[PDB]
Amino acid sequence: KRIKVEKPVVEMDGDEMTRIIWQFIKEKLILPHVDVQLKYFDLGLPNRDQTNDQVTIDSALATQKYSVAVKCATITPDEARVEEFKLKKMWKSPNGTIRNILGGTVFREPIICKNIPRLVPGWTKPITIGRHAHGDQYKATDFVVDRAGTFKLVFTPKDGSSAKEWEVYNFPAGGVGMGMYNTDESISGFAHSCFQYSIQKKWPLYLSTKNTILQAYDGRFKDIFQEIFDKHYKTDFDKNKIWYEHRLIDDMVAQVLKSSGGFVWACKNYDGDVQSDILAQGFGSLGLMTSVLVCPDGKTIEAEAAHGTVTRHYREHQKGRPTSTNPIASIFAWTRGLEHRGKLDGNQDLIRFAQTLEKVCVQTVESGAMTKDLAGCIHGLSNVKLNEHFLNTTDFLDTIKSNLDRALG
């Protein structure tokens, strides 16, 4: 019997090869077991252009309403994509837009498969990055200086007090300038979520900044975290034999590499983007990773596939040929979506299905049935072969489907 879900799930469609596997996953794994009401938004690049990127804002507003989104990987366009898709604007990142509106922390962690070898031998336990999802480089204003001139910052107070101007630089010739920001509210919510997840895991927490160089900007991150820790969380950290410490970013990453894992890592928005990929790759593969935005309100989430759209595999699919594409991150976006939908509704049957599918995915890879990229981690890309070391995208999903049916019975 299919599990009845009462409240809706927001579904965000994607691009190229991820768009196609997103549909297979829905057909083969999700819908045959779950009767769920889907609130569809096409964040494919053609439709984002068609709606002047308004579909992206509505998908986020819908997520605030219904409290659970699941997202397919999308194209953030450059010059090349603007020419290829004939876009009228170089539209901003859908991910950055959705994260800004919703706010909160993007938690990312590996999907550990026993047989997929780590590139960092020392990491015996997993690590979780809490990436702050708001502000900084993902809400910056930047520009090209094409001639001599003065660049300055200006802060005009609301209360009526005098404006403060800072002369940033008197450009003699061309260059670039940018401004970015963040709020106390956004940093406080970011801190709270990280402290709570650390208690939940029984793991210590590390904040990373460069407050020696950005003494006001990064110092505020250090100050707010240490304030919230002292007043709200120090007692709960002591009871669980865990701690909190601020580290300089360059010191942190070395320490992380030397570690054995088993900690939470609060990263700034930019650092989260960079270091989550070092984490994913170090644990075995970029495709073996979850990514879940947890909003400040505690109720709303957005689960996503954090990787790209796999353009090379898509081109082959256009020419009627078979591909071998890892669907696990996309699968885990659905399960994390459905699990939280089940938590809010009090639907234990749904929660159990999501966890069962996550386990079946790992077991299928651990049994030796896998896609080309994962088989390449084991035997090397030069030594792998079809129906010997790896399977087609749909065949792997069909293997996952068979194992999912056996587990449920």
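In case it trips you up, residue 1 is the first one in the sequence shown, and so on.
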Review point. If you average the CA temperature factors over each stretch, which comes out higher, 383 to 391 or 16 to 24?
Key: 383 to 391
Exercise for review: Look up the CA B-factors in the entry and say which stretch, 229 to 237 or 210 to 218, has the higher mean.
Suggested key: 229 to 237
Point to revise | Highest-ranked of 139, 71, 307, 92 once sorted by CA temperature factor in the record | key: 307
Point to revise | Most elevated Cα B-factor in the entry, residues 86, 131, 192, 134 | key: 86
Revision key, fill the gap. For residue 373, the third of its chain by CA B-factor is the middle
Check your understanding: Which third of the chain holds residue 165 when residues are ordered by C-alpha B factor: lowest, middle or highest?
Key -> highest
Review point. So where's residue 284 on the chain's Cα temperature factor ranking, which third?
Key: middle
Review point. Taking the C-alpha B-factors as the PDB entry records them, is residue 58 in the lowest, middle or highest third of its chain?
Key: middle
Point to revise | Chain-wide C-alpha B factor ranking for residue 348, given as lowest, middle or highest third | key: highest
